[PDB]
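just the first chains of my complex for now:
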Amino acid sequence: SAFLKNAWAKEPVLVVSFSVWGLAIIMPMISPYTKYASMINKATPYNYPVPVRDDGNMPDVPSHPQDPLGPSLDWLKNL
Amino acid sequence: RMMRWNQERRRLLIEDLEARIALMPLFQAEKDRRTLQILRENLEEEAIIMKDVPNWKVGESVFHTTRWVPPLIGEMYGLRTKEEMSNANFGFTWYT
Amino acid sequence: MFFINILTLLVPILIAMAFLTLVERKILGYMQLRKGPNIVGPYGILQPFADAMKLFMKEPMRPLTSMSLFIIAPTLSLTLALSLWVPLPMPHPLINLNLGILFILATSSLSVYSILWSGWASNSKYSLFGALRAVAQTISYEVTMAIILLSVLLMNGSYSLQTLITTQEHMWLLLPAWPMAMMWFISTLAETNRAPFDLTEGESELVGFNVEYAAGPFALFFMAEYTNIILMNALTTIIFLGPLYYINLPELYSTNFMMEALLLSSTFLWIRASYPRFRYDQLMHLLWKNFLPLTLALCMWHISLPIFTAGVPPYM
Amino acid sequence: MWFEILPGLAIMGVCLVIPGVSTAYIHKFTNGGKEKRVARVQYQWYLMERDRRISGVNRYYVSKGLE
């Protein structure tokens, strides 16, 4: 601890340096948003969504995509 | 602020990607329609270029299989104007 | 047209490049209680043109030396520096490159050779010793210079300098990422061999590649350095200090780009007069010990800030 | 006093705004009053090219609902 103190006052870059190294190694683990990144980026539609044949008995949005069925990004909205 | 701004920016990005998602069907048809035209047009000239050549099947898949295979850029514009070919070939690397 | 747009974006910069030396020989002057050059022309405006003509007329002595690694070196220095203004995104850029910042980083990196080539070409001891040290800190500083940009990009989403105008529509990237601005500013001071970090032209130390260079060759690097002095400052004024952009009127972007670039260009002039020059090892001690650990760690913080703050930047 | 460093700067500034205003009006002249399309990704080049074919040879000319 004592060195820590002087280290905070002498060579006070490394201290800050390491501190950040860690804080970046922790925040991701504990955060209410970390999960969104893999979703928000997952959702972003880049490649055309090819439609499947309607053999039947499916929950897939038929016709207008506006159908209430399917995935939603209201989580992205009001995020 | 950066967190909120990029989240907004992301919303705009999903909006316009989806805008093409909707419009690509119109383009896909257009592309194919035009693509075939280029192949066929080349067929006409093809049926007029090596006619004299002996043992000359007007055209034949370089392959054996008979399934549609997307045409290479050269095939589409090879016989056509040099510029046309160049445009396609070096027309993106060179910005608008 | 495009040709006209090449004159503009070049000449204008060259004329401005000339007026920087003048605003350097006067701002350093008033800081040191002296008028500076005002007698040639009105208020010294003709002063930059005057020594340019004196420099080109004086004999370009070719030492009893290579004759190519000697003439390639200033040509390369001016060519890369003026070239790096090609993709700069004032309002909208001349040649918009999707991987623009990699172009700027790569083009800067190539200038280290000119120093290496000039030092080998001179064939005198002062030149070689100066070049080896000069090349060392330039590439040493390049390593933190590059990592500092990678942190930026990850919060911009792309390598294209044009994207930052849309990233900085609400706040400068100084507020966030200020800790790196400082570290970008100090690295911009090293890479332009300006004062705090200028042991290359160190006179008391190695009087050094420019030692054997006189007249026209002296001028070309010379011109190069000063154009760079501006370019790097301008990159600070796009990447970290984002000038207000209004799509309806594009020039207030360039007007503020003008104001911020001049002030930060004024700052390295002010830094020069204010500080003694660092020691060769004291310079590398800073980058490898003081800055690189700060930069690498803050680099990780900039891969984490996006993810857990669900702020991953929009590509494109 | 310090009044005098301004002359020189004025000629620097004026020579650093020209470029930004110039490049941004030699674009809006050559492209028909519409900002030069930035084709970062092919889709955009496609759309741009499609535009060329749609009218004249130049993409800036833009046909509308009345076509």
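Here it is on my side, so go on. Numbers count the residues shown, from 1 in each chain, chains lettered A, B, ... in the order given.

pretty sure residue C:242 contacts residue C:163?
No: counting by C-beta atoms under 8 Å, residue C:242 stays clear of residue C:163, with 11.1 Å between them. For every residue, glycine as well, the C-beta is placed using N, CA and C.

and the helices in chain D?
Taking DSSP state H, the helices of chain D run over residues D:5-30, D:42-54.

nearest to residue C:138, of those?
Evaluated with C-beta to C-beta, these place helix D:5-30 nearest to residue C:138, the distance being 25.6 Å.

quick one: secondary structure of residue A:46?
Here residue A:46 is recorded as coil under DSSP: H, G, I helix; E, B strand; the rest coil.

who's in contact with it?
Taking C-beta atoms under 8 Å, 6 or more residues apart in numbering or on different chains, we find residue A:46 in contact with residue B:17.

the helix of greatest length in chain C near chain D anywhere?
Secondary structure of chain C read by DSSP H shows that its longest helix is helix C:125-154. No: judged by C-beta under 8 Å from any C-beta of the partner chain, helix C:125-154 and chain D are separated, with a smallest distance of 15.0 Å.

now that helix: buried residues?
Residues of helix C:125-154 classed as buried: C:126-128, C:130-131, C:133-135, C:137-138, C:140-149, C:151-154 (neighbour count, 16 or more other C-beta atoms under 10 Å in any protein chain shown).

equivalent analysis for stretch C:182-195, please.
Those would be C:183-195, for stretch C:182-195 by 16+ other C-beta under 10 Å.

quick one: contacts for the residue most central in space within chain B?
Nearest to the geometric centre of chain B sits residue B:35, at 6.1 Å (C-alpha atoms, centre = their mean). Contact analysis of residue B:35 by C-beta under 8 Å, 6+ apart lists B:71, B:76.

what's the helix or strand for it?
Following DSSP states H and E, one finds residue B:35 within helix B:2-49.

got TSV for the helices of chain D, with distance to chain B and mean neighbour count too?
Converted to TSV, the helices of chain D look like this (distance: least, C-beta to the nearest C-beta, whole Å; neighbours: other C-beta atoms under 10 Å in any protein chain shown):
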stretch	distance to chain B	mean neighbour count
helix D:5-30	10	20
helix D:42-54	5	15
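
so which of these comes closest to chain A?
helix D:42-54 (10.0 Å; C-beta to the nearest C-beta).

tell me the residue of chain D that sits nearest chain C?
For chain D, C-beta to the nearest C-beta, closest residue to chain C: residue D:20, 2.8 Å.

residues in contact with stretch C:119-133?
C:63, C:65-66, C:68-70, C:73, C:115-116, C:118, C:134-135, C:199-200, C:202, C:206-209, C:211-213, C:280.

go ahead and add chain E:
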Amino acid sequence: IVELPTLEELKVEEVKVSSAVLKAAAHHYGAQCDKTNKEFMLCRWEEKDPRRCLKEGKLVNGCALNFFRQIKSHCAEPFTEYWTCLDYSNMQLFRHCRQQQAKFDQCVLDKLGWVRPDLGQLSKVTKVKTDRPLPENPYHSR
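One more chain to add, chain E, which I have set with the ones above:
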């Protein structure tokens, strides 16, 4: 040979409107005309052969054409203002123009009855059933 289809077989009315026009109406077209669009698209991939889904493609252009004829007839002016402002921008970004977008969107809701699809709800995969039997041995494997 190559069995390349004939021109008369591939000649059909063309949309031909500036890409900008489309991007502005993109959202609505993704709305009023995906039933047929999708179908053409579904044939496009199962078939693995452009040569085998052109009849559907002609339907695509057509559906869109009237989509345009409706808008031309109603709320043409709004749309005209929205596209012109959208076109000026270099990347034709949607957010620079929101005031023009609102009047164009509100009107066609008022007259055509259509609706701008909320953020998303166009990316989601669709189910369209098509008579064209499921391709057999796509890839023509021996």
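
once more for the contacts of residue B:35, now including chain E?
Here residue B:35 is in contact with B:71, B:76, E:50 (criterion: C-beta under 8 Å, 6+ apart).

how many residues are close by the closest residue to the first one other than its chain neighbours?
Closest residue to residue B:71 in three dimensions, ignoring its sequence neighbours and counting by C-beta to C-beta, 6 or more residues apart in numbering or on different chains: residue B:39, at 5.8 Å. Counted with other C-beta atoms under 10 Å in any protein chain shown, the burial measure for residue B:39 works out to 18 neighbours.

wait, residue B:39 sits on residue B:77?
No: the pair residue B:39 / residue B:77 is not scored as a contact, 10.9 Å apart, by C-beta under 8 Å.

can you give me every residue that contacts residue 58?
In the absence of a named chain, this looks at chain A. A:52, E:127.

could you do chain E instead?
The neighbours of residue E:58, taking C-beta under 8 Å, 6+ apart as the test, are B:29, E:12.

dump the strand or helix carrying it to CSV, restricted to CA.
Counting by DSSP H and E, the element that carries residue E:58 is helix E:54-73. This file holds the C-alpha atoms of helix E:54-73, laid out as CSV (Å, rounded to 0.1, in the frame of the first residue of the first chain):
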residue,chain,number,x,y,z
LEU,E,54,-37.6,-14.0,-64.9
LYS,E,55,-41.4,-14.3,-65.2
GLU,E,56,-41.6,-13.3,-61.5
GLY,E,57,-39.0,-10.5,-62.1
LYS,E,58,-41.3,-8.9,-64.7
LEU,E,59,-44.0,-8.9,-62.0
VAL,E,60,-41.6,-7.1,-59.7
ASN,E,61,-41.1,-4.2,-61.9
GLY,E,62,-44.8,-4.0,-62.7
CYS,E,63,-46.0,-4.0,-59.1
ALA,E,64,-43.6,-1.2,-58.3
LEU,E,65,-44.5,0.8,-61.4
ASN,E,66,-48.1,1.2,-60.2
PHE,E,67,-46.8,1.7,-56.7
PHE,E,68,-45.3,4.8,-58.3
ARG,E,69,-48.4,5.6,-60.4
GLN,E,70,-50.4,5.7,-57.2
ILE,E,71,-48.0,8.1,-55.6
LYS,E,72,-47.8,10.2,-58.7
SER,E,73,-51.5,10.5,-58.6
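
is the residue positioned nearest the centre of chain A part of a helix or strand, or is it coil?
Centre of chain A computed as the mean C-alpha position; nearest residue by C-alpha atoms, centre = their mean is residue A:37, 1.5 Å away. Look at residue A:37: counting by three-state DSSP, its state is helix.

give me the nearest residue to it, chain neighbours excluded.
Nearest non-adjacent residue to residue A:37, counting by C-beta to C-beta, 6+ apart: residue C:307, 4.5 Å away.

now for chain F, put it on the one above:
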Amino acid sequence: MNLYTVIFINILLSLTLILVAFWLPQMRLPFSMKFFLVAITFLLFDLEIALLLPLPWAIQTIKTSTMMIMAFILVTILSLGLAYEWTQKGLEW
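Below is chain F, added to the chains above:
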């Protein structure tokens, strides 16, 4: 092409100046491993940068967890390389 046009003007402007310079005025063993060592370190860092350069595209990768897990490991292992550079007289000129 547009870039080619600009660049050749750029070289032309510089070659013009050097020539004017020459045409108008008509009227051995400096070695320190430290220097070599730096150059080396420099590339080890430069090659590392090259590995980090794709991170802007990789941010958008669906995985995310693996991305960061990978990137953090790379930065940490190189920094340890630096750390040992410190222990060694390396970095001590």
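
again for the contacts of residue B:35, chain F present now?
Neighbours of residue B:35 in contact, by C-beta under 8 Å, 6+ apart: B:71, B:76, E:50.

give the contact list for the first one.
Yep, that's residue B:71 we're talking about. By C-beta under 8 Å, 6+ apart, the neighbours of residue B:71 are B:35, B:38, B:39.

got the phi and psi for it?
The phi/psi pair for residue B:71 (degrees, to the nearest 10) reads phi -80, psi 140.

how much space between it and chain A?
According to C-beta to the nearest C-beta, to the nearest Å, residue B:71 stands 21 Å off from chain A.

so what's the residue of chain F found nearest chain E up against?
For chain F, the residue closest to chain E is residue F:62, as judged by C-beta to the nearest C-beta, at 14.6 Å. Residue F:62 sits next to A:38, A:41, A:42 when contact means C-beta under 8 Å, 6+ apart.

and which of these is nearest to chain C?
residue A:41 (5.5 Å).

just the element for that closest one, please.
Per DSSP H and E: residue A:41 is located in helix A:34-43.

pull out the buried residues from that helix.
A:34, A:36, A:37, A:38, A:39, A:40, A:41, A:43.

and chain F, which of those reach it?
Answer for those near chain F (C-beta under 8 Å from any C-beta): A:37, A:38, A:41.

report the contact partners of the closest residue to the last one other than its chain neighbours.
So that's residue A:41. Closest residue to residue A:41 apart from its sequence neighbours, by C-beta to C-beta, 6+ apart: residue F:60 at 5.0 Å. Counting by C-beta under 8 Å, 6+ apart, residue F:60 makes contact with A:41, A:44, C:312, C:315.

would you agree the last one is in contact with residue B:13?
Yes: here residue C:315 reaches residue B:13: they are 7.5 Å apart, a contact under C-beta under 8 Å.

would the longest helix of chain C count as contacting chain F?
Yes: judged by C-beta under 8 Å from any C-beta, helix C:125-154 comes into contact with chain F through C:125, C:128-129, C:132-133, C:136, C:139-140, C:142-143, C:146-147, C:150, C:153-154.

pick the one among these closest to residue F:24.
Distances from residue F:24 to the residues of helix C:125-154 next to chain F, taken by C-beta to C-beta, are shortest for residue C:128, at 29.6 Å.

next one: the residue nearest to the centre of chain A from residue C:73, what distance?
Using C-beta to C-beta, to the nearest Å, residue A:37 is found at 48 Å from residue C:73.

number of nearby residues for residue C:33?
If we define neighbours as other C-beta under 10 Å, then residue C:33 has 6 of them.

isn't there a helix covering it?
No: read with three-state DSSP, residue C:33 is coil and lies in no helix.

hang on, the earlier thing: from the residues of helix C:125-154 next to chain F, which is closest to chain B?
residue C:154 (10.9 Å).

no further questions, thank you.
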